[PDB]
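Here is my input, please return the structure:
(chains A, B and C)
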Amino acid sequence: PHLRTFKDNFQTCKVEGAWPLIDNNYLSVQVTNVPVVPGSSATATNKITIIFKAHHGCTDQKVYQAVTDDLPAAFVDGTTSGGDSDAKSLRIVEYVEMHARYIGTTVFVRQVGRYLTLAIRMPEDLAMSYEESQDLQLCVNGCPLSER
Amino acid sequence: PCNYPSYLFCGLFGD
Amino acid sequence: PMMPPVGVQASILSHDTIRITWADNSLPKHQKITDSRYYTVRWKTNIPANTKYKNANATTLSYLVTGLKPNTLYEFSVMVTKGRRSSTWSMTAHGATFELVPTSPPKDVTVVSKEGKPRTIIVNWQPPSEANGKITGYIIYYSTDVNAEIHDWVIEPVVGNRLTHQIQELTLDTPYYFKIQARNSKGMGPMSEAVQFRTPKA
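Numbers count the residues shown, from 1 in each chain, chains lettered A, B, ... in the order given. Below you will find the coordinate block:
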């Protein structure tokens, strides 16, 4: 599909199957892309997985997953907020939106036709906070040259 | 207290 | 009209069962039904989107709710009926079911060659649709032998909050087979069906 990176480079990537958009110290964003028709280099998103990693005193680990024709307004455990009932540092509102205030991060997910779209707003210091081995992150470095 | 500056944006869409 | 039931309480028994109990103020000092009244218990969760309430009639002041999803938050409310007379729905009570073992495998197993490093592969996947609890890890199994017994496959344990992994020092122009399984506090889920990936050559 089309990708707009944190570095404002716009790319058209095939990236078929499961690919990490974000893989950092605070968040995991994983997508599944499918060829629009068999054998096509044009691909589109049928699954969006977001892992909000455990943040002591703010949220327990939460997982969001949307697929084509299934965009819930809750995490996989049926919760709509992280941690306790009083803890609103992490919440979901119906676009379905995820507000991770604790990491100044917003994630918007919607279904446009048969496929899914994604928009992520993240603070620069947190977006660039990742370990050496976390070098595959479509949002940071874009796609491998062979995928474009 | 939990609450986190410049923002970076990422997008993925069709076609 | 009729006074709605009170003190609705959810007692968690397992990953799929919750016992609901309530009090009726209209009823005498603990807790005798002496008329043709019956109760209706309603329940739902917020997963998947747009679910409808499930209902059940109860002859007494308790009801055992079965067939629930593991590690899921449910809402419960009670109402009373007596022929023509009917009360409104009580204040809602909540109850989250216990965790269970994953019952489905990791999905969309994708294997790619690392850019500039053809002896390195990247394995990418999606969680099981039936995780049934917080995924605490995954296990990647790989082999050059498609017919090798499972205990003879190379094991690569991985964290549960990641969906990408890199395997180095592989042989070029060689077919490899990959299987993944999820794990939670209850144990191991099933393995995904082997995926084949032939490494590139020079």
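
From here on, just use CA atoms for contacts and neighbour counts.
Will do.

quick one: strands adjacent to the helix or strand harbouring residue A:44?
For residue A:44, the host element (DSSP states H and E) is strand A:43-52. Using DSSP bridges, the strands paired with strand A:43-52 in its sheet are strand A:27-35 (antiparallel), strand A:62-67 (antiparallel).

hmm, who's touching it?
Outside strand A:43-52, the residues within contact range by Cα atoms under 8 Å, 6 or more residues apart in numbering or on different chains are A:1, A:13-16, A:26-36, A:61-68, A:114-117, B:13-15, C:126, C:161.

Same check on stretch A:57-71?
With contacts defined as Cα under 8 Å, 6+ apart, stretch A:57-71 is touched by A:46-55, A:72, A:74-77, A:82-83, A:87, A:89-90, A:96, A:102, A:110-111, A:114-116, B:2, C:48-49, C:134.

To residue C:78, which of the strands paired with strand A:43-52 lies closest?
Smallest distance to residue C:78 across those (Cα to Cα): 30.5 Å, for strand A:62-67.

CA-only coordinates of the closest one in CSV, if you can.
Taking only C-alpha atoms (Å, rounded to 0.1, in the frame of the first residue of the first chain), the coordinates of strand A:62-67 have been written out as CSV:
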residue,chain,number,x,y,z
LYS,A,62,-3.2,-3.9,25.8
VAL,A,63,-3.6,-5.3,22.4
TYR,A,64,-5.9,-3.8,19.7
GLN,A,65,-6.8,-5.7,16.6
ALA,A,66,-9.0,-4.7,13.6
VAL,A,67,-9.6,-6.8,10.5
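
Please name every helix or strand in contact with whichever helix or strand comes after that strand.
The element immediately downstream of strand A:62-67 (helix or strand, assigned by DSSP H and E) is strand A:90-93. Here strand A:90-93 touches strand A:96-100, going by 3 or more Cα pairs under 8 Å, 6 or more residues apart in numbering or on different chains; DSSP states H and E.

what's the spacing between the strand it packs on and its chain's center?
For strand A:96-100, the separation from the chain centroid amounts to 11 Å (computed by Cα atoms, centre = their mean, to the nearest Å).

how far is the helix or strand following that strand from where the chain is centred?
The helix or strand immediately downstream of strand A:96-100 is strand A:105-112, counting by DSSP H and E. Between the centre of strand A:105-112 and the centre of its host chain there is 8 Å, according to Cα atoms, centre = their mean.
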